[PDB]
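The C-alpha cells that follow cover one protein chain in two forms, given apart as structure 1 and structure 2.
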Structure 1
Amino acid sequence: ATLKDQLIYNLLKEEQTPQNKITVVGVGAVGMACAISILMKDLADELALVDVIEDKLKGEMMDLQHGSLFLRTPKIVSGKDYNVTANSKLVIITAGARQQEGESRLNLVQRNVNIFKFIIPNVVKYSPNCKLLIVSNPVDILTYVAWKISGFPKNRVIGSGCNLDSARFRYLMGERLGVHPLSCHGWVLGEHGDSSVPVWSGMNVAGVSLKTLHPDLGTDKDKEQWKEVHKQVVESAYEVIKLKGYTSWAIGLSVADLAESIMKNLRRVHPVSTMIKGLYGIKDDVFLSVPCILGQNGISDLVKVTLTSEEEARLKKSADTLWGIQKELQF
C-alpha cells in the first residue's frame, strides 16, 4: 500500500479527456513566446508541444513544467508524434525557416510549403475539428496553403496576418500622441509584409478622424510625415531581426491575443489572414488581412472596410503580388 493510497482515497480511476487544449508545433523563438504568453493568460487546460528536434522539445517542455506551480495550466505534453495533439481546440503553427537580415518573408515560401505538407495532414488527423492559426512566414500564403492541404472550411484556417502590424502601428501612433495604444485606433491591412496597407481614413482617437483634422495625413505632402509611421511598421521587423537576430515577444503576445478571442468566443475584431476572394475586385483565392470577427468557430464574419481609390489599389496590388506566388506553388 503506497504512501499515496494511504493518503488519497480515489473515487474514480483512469478517466480523462481534454476540454480547452492548445497545441503549438515549432518550439523555436516564436513557438515558445506563444506558449509562455498563452500559459500566463490562462487560455488552455492542456498545452501540447511538437517539433522535430527531440531534445530541444523535451527541454522546452521540462522548463515549462518546472514553473507549473506559478501557472493554471495543469497538463503540458510534448513529442514528435502528433498523437500528443489529439483533440486540440486550437493549433498554432510556428515551425519553419525564419528570415535572414534583409530577407523578404516571401523568400521562405518554398522551404516552409515543403514542411507544411507533413505538418498540416498530421495536425488534422488528431484534431479534425480544430481551428488552425498560422504564424510561419510568409503567413498570408501559408494560411492559403494550410487551407488547401487540410480541407478545412476557411473559417477554421486563420493567419497571424496584420494583428502584429496594426499593434505596431498603434504603438507608434500612441508614441507620437502621448496616448496609450489601447486608446489609439488605426488599421494596417493586406499582406503581413512589405505591401501592407495603412487605412488612413479610419485612423482616429476617441472617434475623431485624424485624416479629417489633418488632411495631408498619409501623403507625401504631409508636413508631419505620418507616412513614416507605416514605414516604420514595415521596416520594424527588419530592424528587430538586424538588432537581435529574430522577432519573438510581440508576435507571441499577438498570437495570445488571437487565441484569447478564439478560446473565449469573444467575437472581437482583428485583422487576420483570410480568403478575401470577392471583395475589392479580387477574383482569386488570395489570402490577406482584413478585420475579421474571431470566436469559437474561427472567422465567422469579415468587416467590409470602405477604402479610398488609392487604398483599394494598394490592397489589390498586394493581392497581385501574393497570388503570383500562390499561382506556381507546388504541393
Structure 2
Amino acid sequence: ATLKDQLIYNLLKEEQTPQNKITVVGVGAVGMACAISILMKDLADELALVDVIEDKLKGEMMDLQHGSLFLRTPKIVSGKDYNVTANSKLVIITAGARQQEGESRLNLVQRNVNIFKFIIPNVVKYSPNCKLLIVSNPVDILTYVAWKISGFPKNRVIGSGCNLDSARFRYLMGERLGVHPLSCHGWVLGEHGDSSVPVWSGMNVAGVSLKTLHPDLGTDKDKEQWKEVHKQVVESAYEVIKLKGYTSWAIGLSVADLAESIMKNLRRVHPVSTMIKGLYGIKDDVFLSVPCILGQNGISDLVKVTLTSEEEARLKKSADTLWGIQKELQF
C-alpha cells in the first residue's frame, strides 16, 4: 500500500473529462495575459496551452500550476501536440509571426496564413464543436482565414476585432467626463486598428446622446476636438508599443470578458469581428466588427447599427481592402 491508499478510500475510479475547457494557442505576452485573466475569473475547469517553443510553454504551464492554491481551475495542461486541447468549448488563437525587418505587410500576412494552416486543422480535429476566438493580427483577415480553413459555421468563428479599440475609447471618454468607462457608452466598429470607425451617434451617458447635445461631435469643426478621442485610441496603441514593446494586460482582460459571455451563455452585446457580407452593401467574404450577441453558440445574433453614409463608405472601403489582400492568399 501507499500513504495515499492509507489516507484515502476510493469509491469510484471513473476517469472523467472536463465540462468547461478552454485552450490558448500561443504563450506570448497576449496569450499569457488571456490565460491569467481567464484563470482569475473562474471561467474554466481545465486550461490547455499550446505553442511551438517547448521550453517557454512548459515554464508558463508550471508557473500557472504553482498558483493553483489561489485558483479554482483544477487542471492546467500544455503541449506541442493538440491532443492536450481535446473537447475544448473555446479555443483562443494568439499565435503569430514576428515582423522580420524589411518584410512587406503582405509577406507577414502570408506567414500568419502558413501558421494558421497548421493550427486550425489540429484545433478542429480535437474540438470540432468549439468556438474559435481569433486575436492574432491582422485580426479581420486571420478570422476569415480561420473560418475558411476550419469549415465552421460563421457563428463559431469570432474575431477579437474592435473589442480593445472600444475599451480604449470608453477609457478616454471616461477620463474626459470624469465617469467610470462602464457608464460611458460608445462603439468603435469596422476594421480593427488604424482604419476603425467611431460611431458618434451611439456615444452616450445614461441614454443621453452626446451628438444631440453637441452637434459638432466627431467633426473637424468641433472646438472641443472630440474626434481626438478616437485619434488617441490609435495613438495610444503605438505609444504602448513604443514605451513597453507590446500590449498584454488590456487585450487579456478584453478577451476574458468575451470568454465570460461565451462560457456562461450570457447573451451580452460585444464589438467583435464577424462575417459582414450582406451588410452595408458589402458583397465580399470579409470579417468586420459590429455589436454581436455572444453565448454558448458563439455569435447567435448581431445588432444592425444604423450608420451614416460616411460611416457606411468607411466600412465598404475596409471590406474592399481586406478582400484585395485575401484574394491573393495561398491556402
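Shifts are known only where both forms have a C-alpha. For numbering, take structure 1's sequence and count from 1. What we label the rigid core is the largest C-alpha set whose atoms superpose within 1.5 Å from one form to the other.
Q: Go through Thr219, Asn87, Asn107, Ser183 and flag the only one whose CA is off by 2 Å or more between structure 1 and structure 2, rigid core held fixed.
A: None of the others reach 2 Å, which leaves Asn107.
Q: Once the core is aligned, does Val77 move its Cα by at least 2 Å between structure 1 and structure 2?
A: Stays below the 2 Å threshold, so no.
Q: Align both forms on the core first, then report whether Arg168 has a C-alpha shift of 2 Å or more between structure 1 and structure 2.
A: No, the C-alpha position differs by under 2 Å between structure 1 and structure 2.
Q: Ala97: after superposing the rigid core, is there a C-alpha shift of 2 Å or more between structure 1 and structure 2?
A: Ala97: C-alpha displaced by 2 Å or more between structure 1 and structure 2.
Q: Once both forms are fitted on the core, what is the Cα shift for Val123 between structure 1 and structure 2 in Å?
A: Value for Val123 between structure 1 and structure 2: 0.4 Å of C-alpha shift.
Q: What does the CA of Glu14 shift by between structure 1 and structure 2 after fitting on the core? Give it in Å to one decimal.
A: Core-aligned C-alpha shift comes out at 4.3 Å.
Q: Rigid core aligned, which consecutive-residue runs (three or more long, every Cα at least 2 Å shifted) show up between structure 1 and structure 2?
A: Only this run moves by 2 Å or more: 97 to 108.
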